């Protein structure tokens, strides 16, 4: 009966393509091609760079005054980290359940990630877990709005404010979502974004840092352009717009003109796309609830959700002896679309191997601190055993598609 064991698939036809190119992209790219400036680090040519146009637009969209575009969400994390003053030996609190980059970025600026457990329904950083993990070395909190949920920002902001800690929102999986009507990434110290391929807003690769703090964005600017930042006023044509101010050392984490032009165009269809997903997901939550599955929920205070990924936990007492990879494999086969397990908890992820990397060999104390064996994360581990996920391309079709998703799940439950 099951396709994985040679049965008939329920469905094999294609799902929606991703990404969906916005209509203005080829013109915007053509204009870049002819501009005589393909990165911000090239000389001023008399008009505004697409790096700036995008920054302006993305800032406006998130309802903040500052944005610094960047090469990747990995870069965005690291820039935001270092702009908070985070450095060698500082503890950064992070959720245990996220893509591996959530741990490796902290490592990459020589800080010590302090993996904290997550809420069992939303899978976002547990505030109770955060308070318990604060030490005298703690210097930042990173919160991920994971898959389709927002974290409990009222509680987290409360803990950050009390302790005098910056709170960074990693919105790689949440673009355009809103908590109490404020766009996610505009609620705390700084917001951080991926525009990698799979993300709801994408240029194949990219990122951004957003903030309400001018000095913060200025530090970020230095950190992404080798200690340079854009002049207040444009210079004459042929002169560098990035000035060697040298307030703070940096590296190059710049976003190309091509990618900036692409994101500006993709941004104009973002909300429409998120509406399509949102509606389909509302439909699915119902169908899957009827089967005893528990979809991921969102924190109280959330006013709109962005579905980067649909995550749903299997019903208690069903397939409890079958490894999730098998379950997810059988679903994949019925559906014609990947259905994958939840991320492993980071300290148990085979991709997280800091002792293999000589960059991090900083002597015994630091090696003890960053040893991932120190972290047990009951909720993350359970979620990893029990929760499967679908990428959001699956939410971009018809209401009928949701029926297929439910049919596959029902089939596999027997």
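Numbering follows the first chain given and starts at 1.
Averaged over Cα atoms, the B-factor as recorded in the entry is higher for 232 to 240 than for the other of 293 to 301 and 232 to 240. Legend: mean Cα B-factor per stretch from the PDB entry, 358 to 366 versus 46 to 54; the higher mean is in 358 to 366.
Based on the entry's C-alpha B-factors, the most elevated value among 183, 197, 222, 137 belongs to 137. Comparing C-alpha B-factors across 36, 372, 69, 345 in the deposited entry, the largest value falls on 372.
Among all modelled residues in this chain, the alpha-carbon of residue 205 has a temperature factor (C-alpha) in the lowest third. When all modelled residues of the chain are sorted by CA temperature factor, residue 250 is found within the middle third. In the deposited entry, the Cα temperature factor of residue 324 sits in the top third of values across the chain's modelled residues.
In this PDB entry, the Cα temperature factor of residue 283 sits in the top third of its chain's modelled residues, the highest group. Sort the modelled residues of the chain by CA B factor and residue 390 lands in the lowest third.
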